[PDB]
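According to my numbering, the first sequence is numbered sequentially starting from 26. C-beta atoms are modelled at their ideal positions from N, C-alpha and C, and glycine is treated no differently. Have a look at the structure below before the remarks.
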Amino acid sequence: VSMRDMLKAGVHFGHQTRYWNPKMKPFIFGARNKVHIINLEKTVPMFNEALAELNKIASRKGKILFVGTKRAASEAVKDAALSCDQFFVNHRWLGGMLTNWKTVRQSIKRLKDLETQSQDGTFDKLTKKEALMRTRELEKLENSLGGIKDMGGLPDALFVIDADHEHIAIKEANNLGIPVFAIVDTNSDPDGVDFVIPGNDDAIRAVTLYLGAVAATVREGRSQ
RNA sequence: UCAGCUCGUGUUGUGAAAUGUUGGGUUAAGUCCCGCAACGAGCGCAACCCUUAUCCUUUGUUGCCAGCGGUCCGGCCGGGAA
Ligand SMILES: [K+]
Ligand SMILES: [K+]
Ligand SMILES: [Mg+2]
Ligand SMILES: [Mg+2]
Ligand SMILES: [Mg+2]
Ligand SMILES: [Mg+2]
Ligand SMILES: [Mg+2]
Ligand SMILES: [Mg+2]
Ligand SMILES: [Mg+2]
Ligand SMILES: [Mg+2]
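Right, here's the structure in full:
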């Protein structure tokens, strides 16, 4: 992607100056109307490198986990992960999804053993109220684990929208050595991210631009 | 007979420990929902047990007497299964 595409989407629009993290100072171009403007001259070469490294991991048959539970990037993280056949978390990240994977697994199993029952017909059997409490455990397990049900283990990379909002996921990945790619706005701390991509993480326009180019370089990375 | 008491893994703290189990509502209830660095699990709560309140089906004596038929007026007798 190029500098003009980032502009029309609003990638260069940061937060108000009073909310900045001073560690973001190198990636800042200036301020306009008391709002920080990210330096797109750095967003481009840093994203391409992130797009380059994501390509290699996909070529080696790696698993990419897309994390974005904000109400702006929620439904797009799921669309980008599917059109790419990888995995995603787009509702509240469960603390310990990765560092406590050996426990969160048993909830993936329960999600499977309860979906085959939705497909079997055991819900037409139960005493109504018992089938109704089981169809509700389904939707809850689906909303939280529906994107990682086939992951079958720790992923090899994480792509995150908003490093601050998903600070727990990033900490879990650093804990296990899993490389973190993340969009980092001006109010966020870039110290945990291995591949920083400074850019607006709130506008739906900019998010889709990030997710499209990443979903592309992994589809191409899985072909070769 | 009060609704409590804990553990595994994870995470936080040099540590004793903490979190979960707190919060917003709700319930007889740590009851349930929602939120949530927690995710799950156990012992308790509830349910499963006995009894009581309504109805059905079967069975009809030592229990029963609606319609019958007699009568010493006693279901007493013949019967009747209501
Ligand atoms: K302390
Ligand atoms: K513990
Ligand atoms: Mg320690
Ligand atoms: Mg207690
Ligand atoms: Mg405690
Ligand atoms: Mg409460
Ligand atoms: Mg309980
Ligand atoms: Mg809680
Ligand atoms: Mg009880
Ligand atoms: Mg008579």
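So, at 6 Å on beta carbons, what are the nonlocal neighbours of residue i in its own chain, with the 5 sequence-adjacent residues on each side left out?
i, result
"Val114", "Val92 and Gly172"
"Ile82", "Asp181 and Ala182"
"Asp104", "none"
Spatial neighbours of residue i within its chain, please: C-beta separation below 8 Å, excluding the five flanking residues on both sides.
i, result
"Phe112", "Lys88, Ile89, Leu90, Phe91, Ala106, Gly172, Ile173, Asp175, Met176 and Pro180"
"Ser143", "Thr160 and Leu163"
"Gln41", "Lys59, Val60 and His61"
"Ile193", "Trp118 and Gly120"
"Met71", "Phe220, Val221, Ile222 and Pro223"
"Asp30", "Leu234"
Do you know whose CA, among the options, lies nearest residue i's CA?
i, options, result
"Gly202", "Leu65, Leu234, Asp149 and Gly217", "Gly217"
"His37", "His116, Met28, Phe184 and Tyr44", "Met28"
"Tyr44", "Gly120, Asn168 and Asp214", "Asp214"
"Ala188", "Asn73, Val243, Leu32 and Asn46", "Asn46"
"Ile186", "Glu100, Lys50, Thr141 and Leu151", "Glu100"
"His190", "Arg230, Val209, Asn199 and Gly178", "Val209"
"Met122", "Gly246, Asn225 and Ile195", "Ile195"
"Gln249", "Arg85, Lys137 and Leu157", "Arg85"
"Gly178", "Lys95, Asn125, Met49 and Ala240", "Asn125"
"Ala156", "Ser169, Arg96, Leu170 and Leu139", "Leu139"
"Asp226", "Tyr235, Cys109 and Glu197", "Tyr235"
"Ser169", "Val129, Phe184 and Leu32", "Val129"
"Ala241", "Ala75, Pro70 and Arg57", "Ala75"
"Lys33", "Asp110, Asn80 and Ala231", "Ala231"
"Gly55", "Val69, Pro70 and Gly39", "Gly39"
"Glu167", "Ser132, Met71 and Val205", "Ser132"
"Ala238", "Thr152, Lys137, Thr94 and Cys109", "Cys109"
"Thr94", "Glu78, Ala207, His116 and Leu79", "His116"
"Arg247", "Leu79, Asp30 and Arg57", "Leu79"
"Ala77", "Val26, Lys150 and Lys154", "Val26"
Go through its chain and collect everything with a Cβ distance to residue i's Cβ below 7 Å, but skip five positions before and after it.
i, result
"residue 6", "Limits of the chain in this structure are 26 at one end and 249 at the other, which puts residue 6 out of reach."
"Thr233", "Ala101"
"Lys48", "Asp214, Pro215 and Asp216"
"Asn212", "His40, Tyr44, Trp45, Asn46 and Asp189"
Who are residue i's beta bridge partners in DSSP?
i, result
"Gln41", "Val60"
"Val209", "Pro223"
"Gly55", "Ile62"
"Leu32", "In the DSSP output, where bridge partners are listed per residue, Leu32 has none listed."
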